[PDB]
2 protein chains.
Amino acid sequence: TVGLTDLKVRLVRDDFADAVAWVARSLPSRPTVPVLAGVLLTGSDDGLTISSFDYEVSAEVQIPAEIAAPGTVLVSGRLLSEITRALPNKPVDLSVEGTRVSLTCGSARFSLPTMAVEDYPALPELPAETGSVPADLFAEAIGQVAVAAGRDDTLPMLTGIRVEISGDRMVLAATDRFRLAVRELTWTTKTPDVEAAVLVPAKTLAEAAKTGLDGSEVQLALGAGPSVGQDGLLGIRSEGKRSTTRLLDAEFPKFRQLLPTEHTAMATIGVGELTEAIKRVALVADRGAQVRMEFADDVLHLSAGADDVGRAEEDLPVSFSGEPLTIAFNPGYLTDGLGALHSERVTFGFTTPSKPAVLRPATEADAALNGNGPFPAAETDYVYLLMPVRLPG
Amino acid sequence: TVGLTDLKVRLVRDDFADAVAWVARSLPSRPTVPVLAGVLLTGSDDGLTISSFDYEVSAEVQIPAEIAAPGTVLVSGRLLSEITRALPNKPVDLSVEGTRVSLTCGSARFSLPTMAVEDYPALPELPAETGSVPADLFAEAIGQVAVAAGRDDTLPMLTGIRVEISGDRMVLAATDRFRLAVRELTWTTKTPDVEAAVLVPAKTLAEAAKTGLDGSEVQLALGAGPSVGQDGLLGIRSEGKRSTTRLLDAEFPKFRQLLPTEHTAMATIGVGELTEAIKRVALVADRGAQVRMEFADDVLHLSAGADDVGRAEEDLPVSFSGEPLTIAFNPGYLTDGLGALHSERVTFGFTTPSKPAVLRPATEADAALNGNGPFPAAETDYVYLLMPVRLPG
């Protein structure tokens with residue numbers, strides 16, 4: 001709450017820099033309201049609360065700090081971040097001089113102008129906790145799904161990652177219209193028979209996955225009972241670094257219907273070698289490119305390029321089964337999926353050279369797979385559905 | 001010379017990739033004549049000559065290669081570079097199919113279109129050798145001087161580095177109008193009493209310093225006797241990688257006159273600590289910045305910034321001597337010089353807070369320097385003359 005006192009605090013660099021860092025990354029890029037570019041520093045009760053709010057993304061962290069006089073100060077976020085990033089490891093003194101915010105440290109001294117906290121907005125209080133998730137695994141999931149998230153703000157449906165809860169099983173899924181990534185993940189709920197679904201901004205969720213899921217556990221807050229998701233914001237708290245994200249109004253397109261049941265052809269090949277081959281063959285093509293995969297008798301004839309700029313073709317061995325095939329994909333999307341599998345060997349589920357193709361981690365179940373087909377699809381944890389492209393004609 | 005035969009050659013990746021690399025970096029960025037974007041591959045006498053010419057920069061290298069049929073082929077330089085950069089370590093087959101240039105390697109095969117070598121220009125034959133220089137030391141010099149080279153093609157005088165020869169002593173010097181870097185370097189001449197001076201494009205010379213002076217010695221070819229420099233081009237050969245650079249018509253401004261004789265004040269301080277302090281204090285200022293250095297009683301009060309965006313100040317110890325001082329410089333240029341010294345301790349020669357300041361490596365001769373002054377200037381190997389800036393008023 002507002003403090004009539006002028007702040008006066010002592011901190012340690014490491015803590016202050018880490019906090020100002022994680023809070024600075026969550027800042028926007030100088031938006032309409034200049035005040036939003038500022039960072040809030042609320043010193044009280046032996047702790048310094050560093051906060052930032054974007055009317056969409058909230059970031060807050062508290063630090064142990066020897067308080068000499070409480071207070072609240074708003075200061076340029078980017079400038080604070082750079083300075084703190086350049087401070088020596090010596091402890092940091094921080095006082096207020098009316099309209100200035102003196103920051104002393106060793107032999108260096110800084111004097112930043114105080115931004116009008118009077119105009120600064122509030123900081124949304126996070127919703128009621130809904131459950132807990134493992135950090136590294138959760139971040140891995142967000143990373144695997146966000147790969148196929150739409151990055152055009154003119155199509156909000158794709159701009160987000162759908163987070164679904166159903167007991168101790170949640171489902172993350174995003175799509176860019178051509179690629180559709182899905183990932184099941186088991187967690188812990190505080191509402192036993194909770195079932196809900198929400199669309200989170202992919203950029204912000206991925207942003208938190210890179211720098212927020214730093215602890216051993218990550219708390220997810222959406223609500224309680226019938227109010228799960230009703231709050232309209234998603235809270236994420238880990239290691240005292242708690243952040244908020246306003247949800248997307250648009251609803252996610254029905255995606256489960258798009259997942260094939262049976263696969264006409266199936267291929268299994270090493271991720272690394274395939275990726276290298278795809279990049280190699282792609283270098284010939286220009287920006288607008290196309291990787292052609294001709295599956296025949298456990299051999300993949302990976303061709304591409306045109307007769308004007310040049311054409312490339314590389315032959316690789318493959319554990320193939322089913323009817324032969326000649327299917328074309330986008331090199332970028334294909335590389336994206338292969339890189340998101342986080343597996344040592346990839347399995348492709350092909351239906352039609354014009355219908356979508358499944359990319360999922362290989363399983364020893366698929367190793368014992370030979371016949372004419374069709375073949376049932378496996379229930380892998382992560383699946384990447386890529387829409388192929390047209391062939392020369 | 002033109003070969004009626006269609007080329008057919010076998011090489012090893014490492015050699016071919018290194019050659020195509022060094023020759024590709026010397027290429028322009030798709031200039032007026034598309035043919036210039038191509039790379040020349042002349043296979044003859046057990047060797048493949050990879051060449052490229054920009055009507056200004058020439059790059060040529062020869063590789064050992066099993067020739068099955070000689071020939072000459074022109075192919076897209078960037079495409080060749082990327083492909084060769086992505087080839088496996090297996091040997092590389094290279095044949096010509098009329099209008100195509102098939103390149104086989106292991107399981108991968110490429111087919112690039114042949115560019116019209118009929119329109120390709122000649123490759124300037126290098127001038128008569130003038131002498132030899134140590135590689136690492138020569139590159140170090142070019143790097144130390146090029147730091148202060150003008151990068152605006154609308155002022156050719158600054159666009160180059162002046163290379164002067166006088167026996168076994170050469171002098172490299174460049175200037176950007178505000179910073180003026182000079183470097184003396186001893187080499188070996190083939191024309192005993194040779195004396196000449198030339199202006200080389202700084203971008204191209206630095207380009208060669210990063211990737212051309214790779215051997216133990218670097219040969220410099222300008223001419224012989226009175227024809228030294230008359231050729232109009234500079235040849236540089238090392239480890240069979242020989243390159244040419246067309247000289248600049250504009251003449252270098254008289255710079256020796258600008259070097260002060262006596263210094264009113266002198267400072268000696270560690271490079272690292274000073275650099276850190278300058279960057280720290282600079283973060284407060286915006287793009288258009290200014291580092292203020294107040295030298296007083298072996299203490300440097302390094303302040304900067306304005307009362308609107310903020311102001312910083314850091315106090316450092318210094319081995320100072322002479323009249324006190326308060327001088328301002330540009331943070332970028334100052335950092336550039338300090339980084340170009342390649343020394344552990346820097347010595348500043350100050351004359352007037354408005355006149356240029358000298359930055360040169362510190363010497364134990366300066367360690368025994370105390371008095372009112374003036375002080376004579378030392379004849380260091382490298383000197384960086386920085387023009388200060390105006391103070392608030």
# chains A, B, ... in the order shown; residues from 1 in each chain; ligands from 1
$ interface_residues --of "chain B" --to "chain A" --cutoff "10 Å" --atoms "only C-alpha atoms" --output "VMD selection string"
chain B and resid 76 79 to 80 82 to 88 100 to 114 276 to 277 279 to 286 301 to 316
$ residues_around --residues "residue 59 in chain A" --least-positions-apart "6" --cutoff "12 Å" --atoms "only C-alpha atoms" --output "JSON, numbers by chain"
{"A": [19, 20, 21, 22, 23, 24, 25, 26, 27, 28, 39, 40, 49, 50, 51, 52, 53, 122, 123, 124, 125, 126, 204, 207, 208, 211, 212, 235, 236, 237, 238, 240, 241, 242, 243, 244, 245]}
$ write_last_selection --atoms "C-alpha atoms" --output "compact mmCIF listing (two decimals), in the first residue's frame"
# COMPACT_ATOMS: atom_id res chain seq x y z
CA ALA A 19 14.65 -10.05 -9.42
CA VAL A 20 15.00 -6.95 -11.60
CA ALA A 21 15.91 -9.33 -14.43
CA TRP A 22 12.93 -11.69 -14.27
CA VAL A 23 10.64 -8.70 -13.72
CA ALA A 24 12.23 -6.76 -16.60
CA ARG A 25 11.86 -9.57 -19.14
CA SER A 26 8.13 -9.55 -18.35
CA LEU A 27 7.90 -5.86 -19.28
CA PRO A 28 6.45 -4.68 -22.60
CA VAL A 39 9.11 -1.08 -12.36
CA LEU A 40 7.53 -0.94 -8.91
CA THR A 49 8.68 -6.30 -3.58
CA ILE A 50 9.71 -5.74 -7.20
CA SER A 51 6.62 -5.70 -9.42
CA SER A 52 5.70 -4.93 -13.02
CA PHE A 53 2.35 -4.91 -14.81
CA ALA A 122 -2.84 -2.03 -9.61
CA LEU A 123 -1.33 -5.53 -9.59
CA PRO A 124 -3.93 -8.29 -10.07
CA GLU A 125 -4.12 -10.64 -7.11
CA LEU A 126 -3.67 -14.19 -8.34
CA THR A 204 3.68 -15.11 -22.41
CA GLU A 207 8.17 -16.52 -21.83
CA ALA A 208 7.46 -17.91 -18.35
CA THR A 211 12.61 -17.99 -17.08
CA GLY A 212 9.79 -18.70 -14.59
CA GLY A 235 -1.51 -17.31 -11.98
CA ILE A 236 1.85 -19.08 -11.95
CA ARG A 237 4.00 -19.09 -8.80
CA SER A 238 7.38 -20.75 -8.22
CA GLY A 240 8.39 -16.72 -4.70
CA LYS A 241 8.39 -15.40 -8.29
CA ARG A 242 4.66 -15.15 -8.96
CA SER A 243 3.24 -13.95 -12.28
CA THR A 244 -0.17 -13.43 -13.86
CA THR A 245 -1.42 -13.64 -17.44
$ closest_residue --among "A:176, A:381, A:60, A:66" --to "residue 46 in chain A" --atoms "only C-alpha atoms"
A:66
$ residues_around --residues "residue 390 in chain B" --least-positions-apart "2" --cutoff "8 Å" --atoms "only C-alpha atoms" --output "compact mmCIF listing (two decimals) with N, CA and C atoms, in the first residue's frame"
# COMPACT_ATOMS: atom_id res chain seq x y z
N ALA B 328 35.85 15.52 -21.35
CA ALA B 328 34.74 14.67 -21.77
C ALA B 328 35.06 14.00 -23.09
N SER B 354 39.91 20.62 -24.26
CA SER B 354 39.31 20.76 -25.57
C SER B 354 40.16 20.20 -26.70
N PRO B 388 38.25 14.89 -27.73
CA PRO B 388 37.20 15.02 -26.71
C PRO B 388 35.99 15.78 -27.24
N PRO B 392 28.96 20.62 -20.53
CA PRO B 392 27.67 21.31 -20.40
C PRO B 392 27.85 22.82 -20.30
$ closest_residue --among "B:147, B:178, B:263, B:278" --to "residue 348 in chain B" --atoms "only C-alpha atoms"
B:263
$ residues_around --residues "range 320-322 of chain B" --least-positions-apart "2" --cutoff "8 Å" --atoms "only C-alpha atoms" --output "PDB file with C-alpha atoms, in the first residue's frame"
ATOM      1  CA  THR B 264      50.119  18.816 -19.778  1.00  0.00           C
ATOM      2  CA  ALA B 265      48.582  16.046 -17.665  1.00  0.00           C
ATOM      3  CA  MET B 266      49.159  12.294 -17.692  1.00  0.00           C
ATOM      4  CA  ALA B 267      47.059   9.464 -16.274  1.00  0.00           C
ATOM      5  CA  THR B 268      47.816   5.759 -15.906  1.00  0.00           C
ATOM      6  CA  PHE B 295      41.168  13.818 -12.885  1.00  0.00           C
ATOM      7  CA  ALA B 296      42.152  15.040  -9.413  1.00  0.00           C
ATOM      8  CA  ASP B 297      44.778  13.821  -6.916  1.00  0.00           C
ATOM      9  CA  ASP B 298      45.207  10.297  -8.249  1.00  0.00           C
ATOM     10  CA  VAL B 299      41.409   9.909  -8.281  1.00  0.00           C
ATOM     11  CA  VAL B 318      44.636   6.564 -10.909  1.00  0.00           C
ATOM     12  CA  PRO B 324      44.100  18.652 -12.626  1.00  0.00           C
ATOM     13  CA  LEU B 369      56.754  10.181 -13.724  1.00  0.00           C
ATOM     14  CA  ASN B 370      55.816  12.840 -11.170  1.00  0.00           C
ATOM     15  CA  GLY B 371      55.970  16.613 -11.356  1.00  0.00           C
ATOM     16  CA  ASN B 372      54.220  19.688 -12.684  1.00  0.00           C
ATOM     17  CA  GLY B 373      55.125  19.094 -16.335  1.00  0.00           C
ATOM     18  CA  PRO B 374      54.867  19.472 -19.210  1.00  0.00           C
TER      19      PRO B 374
END
$ select_by_dssp --residues "range 110-166 of chain B" --states "helix (DSSP H, G or I)" --output "JSON, numbers by chain"
{"B": [117, 118, 119, 135, 136, 137, 138, 139, 140, 141, 142, 143, 144, 145, 146]}
$ atom_distance --atom1 "CA of residue 13 in chain A" --atom2 "CA of residue 74 in chain A"
19.1 Å
